[PDB]
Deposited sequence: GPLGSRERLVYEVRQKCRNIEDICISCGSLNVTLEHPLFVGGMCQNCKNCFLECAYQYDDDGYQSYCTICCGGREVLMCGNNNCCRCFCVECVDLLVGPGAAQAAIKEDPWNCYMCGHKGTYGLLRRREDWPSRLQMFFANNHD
């Protein structure tokens, strides 16, 4: 329950989101997350690299953009994107109830006009950051 407790501490202004891995909750941050404000640990970086741009038979990405896992997911309707975000990450980082409110069509957090969704904030330079990340 480390990720949940740490996100709660972020909300209570007792912790900077840059100091936690937003994917798994590890405090062993080794880089800035390339897509969102917040940290990332080296294990999650490796997972992100290995899971990036793998696709299920429905044509959408296999693995949640944030935690690299997921079962029930929100799926981006932008065909140039095709990303998925699991309901657990959305309820944690956007906030309680956000996932079931996000369920037409749906542009994901990387594609929408707004970049701030609760504690989830899209990085300005994310396309170029991905180039450096990969």
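Q: No C-alpha coordinates anywhere in a stretch? Then put that deposited-sequence range on the list, in order along the chain.
A: Those parts of the chain that were deposited but carry no coordinates are 1-3, 107-108, 140-144.
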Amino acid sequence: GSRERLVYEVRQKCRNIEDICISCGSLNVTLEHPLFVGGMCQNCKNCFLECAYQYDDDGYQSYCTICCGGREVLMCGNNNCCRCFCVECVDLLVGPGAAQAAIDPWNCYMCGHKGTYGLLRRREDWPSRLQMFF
From here on, numbers count along this sequence of modelled residues.
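Q: In at least a third of the other entries we lined up, does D104 end up with no coordinates?
A: Across the other compared entries, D104 is absent from at least a third.
Q: Looking only at CA atoms, which has the higher mean B factor in the entry: 16-24 or 122-130?
A: Per the PDB entry, the higher value belongs to 122-130.
Q: Do the C-alpha atoms of 66-74 or of 39-47 have the higher average B factor in the entry?
A: Per the PDB entry, the higher value belongs to 39-47.
Q: From the list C108, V94, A52, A102, select the residue with the highest C-alpha B factor recorded in the entry.
A: Within the set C108, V94, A52, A102, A102 shows the top C-alpha B-factor.
Q: Compare the C-alpha B factor of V87 with those of the other modelled residues in its chain, then answer lowest, middle or highest third.
A: Lowest third of the chain for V87's C-alpha B-factor.
Q: Can you tell me which third, lowest, middle or highest, the CA B-factor of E32 falls into for its chain?
A: Within its chain, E32 is a highest-third residue by C-alpha B-factor, going by the deposited values.
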